[PDB]
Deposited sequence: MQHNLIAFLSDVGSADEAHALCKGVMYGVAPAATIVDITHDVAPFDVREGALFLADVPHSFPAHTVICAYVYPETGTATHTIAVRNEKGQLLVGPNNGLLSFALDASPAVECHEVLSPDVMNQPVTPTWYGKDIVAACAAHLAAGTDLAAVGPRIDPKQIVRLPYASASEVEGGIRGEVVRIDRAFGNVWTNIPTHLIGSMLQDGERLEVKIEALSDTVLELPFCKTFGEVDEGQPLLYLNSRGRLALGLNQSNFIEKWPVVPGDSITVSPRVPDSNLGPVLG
């Protein structure tokens, strides 16, 4: 019920003052709040990438967090901002364009409102920056003691726009999944294949990558990077419980380029 920590994500970058003006607005409304960036380097307009970056935020952040996020190419239109309380007791504020989808998969919506009250907005609201004047402003009002019900009208959880998320499946003689995202600092590849599907099969595994070119590798299944020699490839379960590909102390995607959506098949 206290929410003194604001965790802030956007696609505006941190190379100029724009992300910081939003923090200025938030500190003016909630001067005692702690404000921490998640990241401002979501690719421009990339709601799905934003959604992926928020997926694990509910689990890592404590109950007293307001998750404040915008990737908002619909700014100044009928696409409203929503404010949600999740099952962990956190509050989330963002555009109703699918941005909060994967965060809500981790901790479901309990109470959901559209943000329509002028008193939780930064006035006058500029049409090209709902991110500052509605999303950041409303997050700060919630951190400063405003009740969730005062932001605007209640909506049903099914009125929250959801992005589709592919599930891995069993096929003839293995598991077909896909690349969800690249761990870009390192070049590791993250799939949607969970622990339980590869249990049957665990060793040394055939991995088929369908990208610009189709590549078959025979890879050891390891707990961590150091279990093969430097520069050598491995399969492992990542910090999110999903199958991943890497090179020990090198960059897997620089050797075998792959993009999100590319098929990965794992077979004995």
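Counting the deposited sequence from 1, the stretches lacking C-alpha coordinates are 203 to 205, 272 to 283.
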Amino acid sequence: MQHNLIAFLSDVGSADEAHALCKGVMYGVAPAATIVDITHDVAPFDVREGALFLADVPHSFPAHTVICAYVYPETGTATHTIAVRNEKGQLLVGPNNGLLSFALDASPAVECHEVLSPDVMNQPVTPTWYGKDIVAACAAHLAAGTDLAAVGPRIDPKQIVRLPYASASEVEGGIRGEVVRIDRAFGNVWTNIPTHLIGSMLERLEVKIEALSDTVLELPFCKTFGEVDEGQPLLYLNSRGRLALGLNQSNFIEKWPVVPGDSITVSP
From here on, numbers count along this sequence of modelled residues.
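In at least a third of the other compared PDB entries of this protein that cover both flanking sides, residue 174 is left without coordinates. Judged by the one-third criterion across other entries of this protein, residue 230, modelled here, is also modelled in every one of those that cover both its neighbours. Legend: mean Cα B-factor per stretch from the PDB entry, 59 to 67 versus 235 to 243; the higher mean is in 235 to 243.
Set 95 to 103 against 180 to 188 and average the Cα temperature factors; 180 to 188 ends up higher. The PDB entry gives the largest Cα B-factor of the residues 37, 41, 49, 227 to 227.
Ranking 87, 114, 170, 133 by the C-alpha B-factor listed in the PDB entry places 170 at the top.
For residue 175, the recorded CA B-factor ranks within the highest third of the chain. Only modelled residues enter the ranking.
When the modelled residues of the chain are ordered by their C-alpha B factor, residue 21 lands in the lowest third. The PDB entry assigns residue 152 a C-alpha temperature factor belonging to the middle third of its chain's modelled residues. Sort the modelled residues of the chain by CA B factor and residue 15 lands in the middle third. Among the modelled residues of the chain, residue 199 sits in the highest third by CA temperature factor in this PDB entry.
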